[PDB]
Amino acid sequence: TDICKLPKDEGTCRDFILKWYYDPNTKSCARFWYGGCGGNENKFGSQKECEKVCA
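With the first letter of the sequence shown counted as 1, position 4 gets the number 1424 in the working numbering; the numbers rise by one all the way through.
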């Protein structure tokens, strides 16, 4: 899904939560801090879910 190729988007706001995004260059998911606003769909709550959908 093109969703998995969207770039990492930390967004804005200050309700910081650790999320996971898929990195097509390493073909694996990595952690990132999301502020709570203005992100995109390449964002998952767990490494396992991110891997299932995008790996």
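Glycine residues also receive a C-beta, built at the ideal position from the N, C-alpha and C atoms.
(message) If you follow the beta strand (DSSP E) that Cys1449 is in, where does it begin and where does it stop?
(response) Residue numbering aside, residue 1449 sits at position 29 when the sequence shown is read from its first letter. Looking at the DSSP string, the run of the beta strand (DSSP E) that includes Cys1449 is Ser1448 to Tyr1454.
(request) Check each candidate in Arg1434, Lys1447, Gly1456 and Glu1430 and name the one with the smallest Cα separation from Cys1470. (result) Position 50 of the sequence shown, counted from the start, is the residue given in the question as residue 1470. When only C-alpha atoms are compared, the closest one is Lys1447.
(request) Taking 8 Å as the cut-off, decide whether the C-beta atoms of residue 1410 and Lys1463 are in contact. (result) One cannot answer for residue 1410 here, as it falls past the ends of the chain, which runs 1421 to 1475.
(message) Can you tell me which residues form a DSSP beta bridge with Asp1443?
(response) On the sequence shown, position 23 is the one that residue 1443 refers to. DSSP, once it has assigned bridges, lists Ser1448 as partnering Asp1443.
(request) Note down the Cα distance separating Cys1474 from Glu1430, rounded to an integer number of angstroms. (result) Taking the first residue of the sequence shown as 1, we reach residue 1474 at position 54. Taking the first residue of the sequence shown as 1, we reach residue 1430 at position 10. Each residue's alpha carbon lies about 19 Å from the other.
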